[PDB]
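Protein chains in written order, with the UniProt record's numbering: chain A, 10 to 177; chain B, 178 to 530; chain C, 355 to 530; chain D, 355 to 530. Quick reminder that beta carbons are idealized off the backbone N, C-alpha and C, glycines included. First comes the structure, then the notes that go with it.
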Amino acid sequence: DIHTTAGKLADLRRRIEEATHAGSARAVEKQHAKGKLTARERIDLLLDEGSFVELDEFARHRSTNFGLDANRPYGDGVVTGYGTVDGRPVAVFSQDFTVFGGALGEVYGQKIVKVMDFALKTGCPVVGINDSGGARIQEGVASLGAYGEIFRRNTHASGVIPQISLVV
Amino acid sequence: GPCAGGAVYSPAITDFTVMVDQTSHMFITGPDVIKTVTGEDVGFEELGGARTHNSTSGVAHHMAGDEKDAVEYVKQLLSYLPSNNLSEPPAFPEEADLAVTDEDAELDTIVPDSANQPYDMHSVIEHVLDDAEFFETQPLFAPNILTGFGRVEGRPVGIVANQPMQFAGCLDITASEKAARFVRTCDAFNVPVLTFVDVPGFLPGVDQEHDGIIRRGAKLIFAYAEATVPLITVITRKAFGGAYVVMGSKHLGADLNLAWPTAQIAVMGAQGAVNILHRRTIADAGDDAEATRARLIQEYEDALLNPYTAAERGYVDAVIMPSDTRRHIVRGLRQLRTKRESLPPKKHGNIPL
Amino acid sequence: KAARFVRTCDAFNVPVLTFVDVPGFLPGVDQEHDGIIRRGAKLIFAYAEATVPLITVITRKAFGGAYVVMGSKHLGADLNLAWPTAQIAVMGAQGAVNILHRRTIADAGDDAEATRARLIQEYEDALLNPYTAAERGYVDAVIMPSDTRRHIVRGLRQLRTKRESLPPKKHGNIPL
Amino acid sequence: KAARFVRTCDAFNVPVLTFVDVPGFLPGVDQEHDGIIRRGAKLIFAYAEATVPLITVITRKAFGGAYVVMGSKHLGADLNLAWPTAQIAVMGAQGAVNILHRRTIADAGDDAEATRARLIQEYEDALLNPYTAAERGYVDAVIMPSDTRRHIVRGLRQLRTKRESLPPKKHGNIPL
């Protein structure tokens, strides 16, 4: 059902599949056409097996501009979380080009800020995996605000925690 | 033994007070003076015995059966705390096996189908702690909330959790003060705090309001917002209105907030919500008030009485399978143990009293 | 009420002046069951924690624990004054003589109830004053009531530069 | 030029006032090959690093990344003002409509070039202003141009006591 504990658990499983498979099929395949991996496969390559703990897996955008609300993919275009690399703590974000062309929006901006704050708070490096067409135009100035919030963190974290950018 | 007159204020300022049933008493004024001044008759045990101070006054943290048991309780207490505030609690490191065990699976079915049927939160707590060992403090006082210590991978942690099995697990004056001082005790001594949430709201009552729930309930919010030790919160089932915010929410500073699929995070109950949200649509076409309302209530429950809207906004970091709580707590504490945080400089805060 | 007020003044660098006339704590089962032990201890904590200037003046009653609680020198008060009318003692004379001379009435209680009055009178004239406290320096001076304003003004002038701190800590653990 | 100047002011406790009218970054292969990515980032770093009072006024153009770079609130500006003539948006209307309506012209391009003008006009009157930024609090107020001096004077009076710091570090690692 849906009104029983068992049904609620089954429901989570369905959402998990959807979240782990966001981004249209005709996009995930084109990316694969090139010598590229998915945003999630890149995180797997980097982090030690079984160490990845995802944050905001079910985040969804709040825009209603230019029909953007027609689809609200779980994760909103970026995969974020914490894990370990060679047994040491690392925070990571991996932009998903298959979702809205990887264009950076408000919630997608906020997810990056959350991992950045987590890294600063716990004192570990941040590895950012970039693959984005640019700002999510539909969101207007909200997209620029998101960039700004990230830039501020980059600057405050400079010389505090290692920040490595992987551009793929 | 006896602790009478102003002398009781010393133990009061200390962190934990342990009494012995039937052979220890604490009181500012004795029965004699009370009788001559107020004419009221009261016995020593009823006035300030160990049971009284562990269940009514909120002064004692434990009632032992005898002196030997009391001393053991003290040793246990010390084993979870550091020697001073410059050190992290004493730890005997041990790597946990994160493979899902039969015990972990038990959590998937611990939550009843019926919303009003309670479950013992003690079981949830024990499932995430090493050896399923939970050292409870103030068990007899404000049973609607649980406080105590445990260990995760050998490292001491503090626990705060609503108990739906007692008084519906609602937050009242006593529960708020009980949990508030415990969180501050943990924080002052570098002990991480794990919070388990299942709160329907605040306990209704003219007595609660007249006794100062506004200023006393706020102590818990202050405790969580002030804490700089690692804070991990898990919402098992109910999380409505202000109570949701008070129980170690991310908005107060919780570092990792998890929610089971059974979690219901909403501003208020569905019935109460629809009466407001739809008072006009229900006024019109009064030929079907009870039919239109019932339909509106069902839709509100199915749409918002879950944790997915909070998850959309990042108020909760993840919605997890109940059986995966231990894994999330273990991996969470590993990363958060290096947490460094500070509040604005000040002589001290001005917490409500 | 007083506890939070003191902490507010202290947090914001405002000196605190305390005037004392307290016979003790209000007796009552409700007081005990409602937590007077942990709630009354808040006032002690506030005074002991304070680093702002603290001047206390005992007009008249200052008995037992209440005496200690009301900005006593023992908690850290910087200047403690007492009027001649002050009565600083462990407890009331009656309650004292009953203890101190309990075994010296029980003997031939016949024609002894009247004599209690005399021993009580002796305890009051001997100890219900501020001079024993003054001998020990618990109070810095016994002053004429009319001299109170002078003492407060001159006191604050000197204490204005007070610098004091508590042991390093994230925060205290005041009773809640 | 602006980056070092801002850092100089900040190092020596001098408040910084920024006036904005930027259409974007200067296009050019030379700009890219010469390192605009690392050199342009210096200005962002300077504003984000600054702890001196920061007041910014957008007169007119504020598009894309350039908007963020010119002392935006997102970098830490304390008071951000905008005149009614300000145009705060992701990019120019033309470049926007081309994207936002790319698939809704490609269909029957015949008699469609003229209609682009209308959609462009709609984007300008709807978004090329400072009101969407104001709805979100990106700018603290939309003011009359003549009211600028008043806002700056009153702003600096309050911000003069600003106290802020960055995370502890030996030093930052600004792009070089």
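For residue i, does the count of other Cβ atoms within 10 angstroms reach 16, so buried, or fall short, so exposed?
{"i": "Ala431 (chain D)", "result": "buried"}
{"i": "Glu467 (chain C)", "result": "exposed"}
{"i": "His238 (chain B)", "result": "buried"}
{"i": "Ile336 (chain B)", "result": "buried"}
{"i": "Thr458 (chain C)", "result": "exposed"}
{"i": "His230 (chain B)", "result": "buried"}
{"i": "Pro82 (chain A)", "result": "buried"}
{"i": "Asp85 (chain A)", "result": "buried"}
{"i": "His202 (chain B)", "result": "buried"}
{"i": "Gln147 (chain A)", "result": "buried"}
{"i": "residue 179 (chain A)", "result": "The question about residue 179 (chain A) has no answer, for chain A in this structure spans 10 to 177."}
{"i": "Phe67 (chain A)", "result": "buried"}
{"i": "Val370 (chain B)", "result": "buried"}
{"i": "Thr324 (chain B)", "result": "buried"}
{"i": "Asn293 (chain B)", "result": "exposed"}
{"i": "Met424 (chain D)", "result": "buried"}
{"i": "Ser260 (chain B)", "result": "exposed"}
Which residue's Cα is closest to the Cα of residue i: the options?
{"i": "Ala400 (chain B)", "options": "B:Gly182, B:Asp209, B:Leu530, B:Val236", "result": "B:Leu530"}
{"i": "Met498 (chain C)", "options": "C:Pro484, C:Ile459, C:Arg457", "result": "C:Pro484"}
{"i": "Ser103 (chain A)", "options": "A:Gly118, A:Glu38, A:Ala36", "result": "A:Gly118"}
{"i": "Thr73 (chain A)", "options": "A:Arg161, A:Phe127, A:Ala155, A:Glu115", "result": "A:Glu115"}
{"i": "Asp105 (chain A)", "options": "A:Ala68, A:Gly16, A:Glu58, A:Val37", "result": "A:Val37"}
{"i": "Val368 (chain B)", "options": "B:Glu265, B:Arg490, B:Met203", "result": "B:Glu265"}
{"i": "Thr131 (chain A)", "options": "B:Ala241, B:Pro521, B:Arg514, B:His202", "result": "B:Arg514"}
{"i": "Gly526 (chain C)", "options": "B:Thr362, B:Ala357, B:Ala352", "result": "B:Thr362"}
{"i": "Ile442 (chain D)", "options": "D:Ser426, D:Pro407, D:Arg503, D:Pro381", "result": "D:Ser426"}
{"i": "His30 (chain A)", "options": "A:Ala48, A:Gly137, A:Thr93", "result": "A:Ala48"}
{"i": "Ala15 (chain A)", "options": "B:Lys252, B:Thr286, B:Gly220", "result": "B:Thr286"}
{"i": "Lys516 (chain D)", "options": "D:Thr372, D:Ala404, D:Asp494, D:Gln385", "result": "D:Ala404"}
Please classify residue i: does DSSP put it in a helix, a strand, or coil?
{"i": "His525 (chain B)", "result": "coil"}
{"i": "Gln512 (chain D)", "result": "helix"}
{"i": "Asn452 (chain B)", "result": "helix"}
{"i": "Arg145 (chain A)", "result": "coil"}
{"i": "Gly331 (chain B)", "result": "coil"}
{"i": "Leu348 (chain B)", "result": "strand"}
{"i": "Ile497 (chain D)", "result": "coil"}
{"i": "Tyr117 (chain A)", "result": "helix"}
{"i": "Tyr492 (chain C)", "result": "coil"}
{"i": "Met240 (chain B)", "result": "strand"}
{"i": "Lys415 (chain C)", "result": "strand"}
{"i": "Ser33 (chain A)", "result": "coil"}
{"i": "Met298 (chain B)", "result": "helix"}
{"i": "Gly182 (chain B)", "result": "helix"}
{"i": "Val108 (chain A)", "result": "coil"}
Please list, in chain order, the chain B residues whose beta carbon lies closer than 7 Å to that of residue i.
{"i": "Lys396 (chain C)", "result": "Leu530"}
{"i": "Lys415 (chain C)", "result": "Within 7 Å Cβ-Cβ: nothing; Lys415 (chain C) doesn't reach chain B, min ~15 Å."}
{"i": "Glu518 (chain C)", "result": "Ordered by position in chain B, no residue passes the 7 Å Cβ test against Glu518 (chain C), which lies about 10 Å from the chain."}
Report the neighbours of residue i on chain A: residues whose CB is nearer than 9 Å to its CB, in chain order.
{"i": "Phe379 (chain D)", "result": "In chain order: nothing, as chain A lies at least about 13 Å away."}
{"i": "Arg503 (chain B)", "result": "Within chain A, no residue comes near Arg503 (chain B); the closest Cβ sits about 13 Å away, beyond 9 Å."}
If the cut is a Cβ gap below 7 Å, which residues of chain A does residue i touch?
{"i": "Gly430 (chain D)", "result": "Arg161"}
{"i": "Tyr477 (chain D)", "result": "What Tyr477 (chain D) touches in chain A: nothing, since even the nearest Cβ is about 10 Å away."}
Which bits of chain B does residue i rub up against, with CB to CB less than 9 Å?
{"i": "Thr29 (chain A)", "result": "Here the premise fails: no neighbours, minimum Cβ distance about 13 Å."}
{"i": "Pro134 (chain A)", "result": "Within chain B, no residue comes near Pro134 (chain A); the closest Cβ sits about 12 Å away, beyond 9 Å."}
So which residues on chain B does residue i lean against when the C-beta distance must stay under 8 Å?
{"i": "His525 (chain C)", "result": "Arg361, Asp364, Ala365, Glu403, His525, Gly526"}
{"i": "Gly418 (chain C)", "result": "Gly182, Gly183"}
{"i": "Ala357 (chain C)", "result": "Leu530"}
{"i": "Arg470 (chain C)", "result": "Neighbours of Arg470 (chain C) on chain B: none; closest Cβ ~16 Å, over 8 Å."}
Strictly below 8 Å CB to CB, what residues from chain D border residue i?
{"i": "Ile146 (chain A)", "result": "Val444, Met445, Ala450, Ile453, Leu454"}
If the cut is a Cβ gap below 7 Å, which residues of chain C does residue i touch?
{"i": "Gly425 (chain B)", "result": "The contacting residues do not exist; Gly425 (chain B) stays about 17 Å from chain C at best."}
When the Cβ atoms of the segment 199-211 of chain B are set against those of the segment 166-174 of chain A, are three or more pairs found closer than 8 Å?
At 8 Å Cβ cutoff, the stretches do not touch.
Examine the Cβ distances between the segment 465-479 of chain C and the segment 381-397 of chain C and report whether three or more of them are shorter than 8 Å.
A contact is defined here as three or more CB-CB pairs under 8 Å, and the segment 465-479 of chain C fails this definition with respect to the segment 381-397 of chain C.
Would the segment 258-273 of chain B and the segment 321-333 of chain B be scored as touching if the rule is three or more Cβ pairs under 8 Å?
yes
Would you say the segment 401-420 of chain B touches the segment 366-379 of chain B, given that touching needs at least three Cβ pairs under 8 Å?
yes
Is the segment 425-439 of chain C in contact with the segment 385-394 of chain C, if contact means three or more CB pairs nearer than 8 Å?
no
Counting pairs of Cβ atoms below 8 Å between the segment 293-305 of chain B and the segment 337-346 of chain B, do you hit three or more?
yes
For the segment 500-507 of chain C and the segment 448-462 of chain C, state whether three or more C-beta atom pairs, one from each stretch, are separated by less than 8 Å.
no
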